[PDB]
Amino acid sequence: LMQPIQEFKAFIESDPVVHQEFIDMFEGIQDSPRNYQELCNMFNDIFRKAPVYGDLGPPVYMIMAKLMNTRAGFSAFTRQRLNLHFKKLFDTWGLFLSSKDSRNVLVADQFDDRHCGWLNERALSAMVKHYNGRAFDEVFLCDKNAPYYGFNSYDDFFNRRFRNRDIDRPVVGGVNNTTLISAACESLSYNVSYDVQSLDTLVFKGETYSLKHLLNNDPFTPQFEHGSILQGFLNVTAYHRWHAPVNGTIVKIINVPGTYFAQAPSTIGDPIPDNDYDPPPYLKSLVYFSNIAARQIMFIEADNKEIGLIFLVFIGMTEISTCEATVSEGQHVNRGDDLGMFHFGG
């Protein structure tokens, strides 16, 4: 086992309460992983190779979902001490996913009955579903004649840039109209909430925002009391970069450590569907865990004074939880410019 997994296992064993949680969470599980030792062994496989196309979510989520859906698992996964280890595991994995060796999934090869490479036409088709008949190599900047479509790693492919946003994803109304706020991420609508507030605990009102938590007690928090929040979900095959939603100035960027595998407690025990039209408990938890997940908060001062101070929160989910800003505090940006991107990592 690679050293980070060793230290992870040693931590589980170092505290009898944590250890007990990593036993009870497996109760009656007949499939692999059946205990925390098999979990560690499967991590050791997963972190040495790049993900493939086919599953409903990324590979760590897939083997974790049954555990996350228990009380014991939620307890374990809401300890900052344990989450420090998940961070180091996923950061270690992300190293490999930035390396030339992770290109081997950037192929058309079918790998088994249910999985294929990312350049297979099944996957190529899925990734341009919302681009109105344009093809993958038209939409995204790549080389369709090169091996691995020209990407130098999996992360490079995951964070592929648009070849020509003015055709496929235009800044609607033009950068000069400052009365408009753009979507920051290619996503699906998940929740809108009005008159948002702060809560003293995140209990029994699951799927409610708590500004104080979401924004990690920032001094700006009171300004957003009674305001509104729109939240989107990015599919695993979606464009994963961030664009500036307004012309404005970056006021403040805060990186907040948090959870990776915490679903909403109200959903613990709900069925985990064996299909894809039905959302599993974790994907019904995005509002809840925006309060506590590893995330980056970005405050922007819109050039249009009638829009003023806004915030963005980029919210991690399981192994896709690294939030890289490519802008700096004080910098000016126009609607549609890069703010940063998501990566596999902690």
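Numbers follow the displayed sequence, beginning with 1.
Comparing the deposited coordinates for 320-328 and 19-27, the stretch with the larger average C-alpha B-factor is 19-27.
Stretch comparison (172-180 versus 96-104) by mean CA B-factor in the PDB entry places 96-104 on top.
For the set 159, 189, 228, 145, the PDB entry assigns the largest Cα B-factor to 145. The residue among 289, 311, 61, 314 whose C-alpha atom has the highest B-factor in the PDB entry is 61.
Ranked by Cα temperature factor within the chain, residue 90 sits in the middle third according to the deposited record. Residue 83: CA B factor in the highest third of modelled residues in this chain (values from the PDB entry). In the deposited entry, the Cα temperature factor of residue 295 sits in the bottom third of values across the chain's modelled residues. In the deposited entry, the Cα temperature factor of residue 138 sits in the top third of values across the chain's modelled residues. When the modelled residues of the chain are ordered by C-alpha B-factor, residue 5 sits in the highest third.
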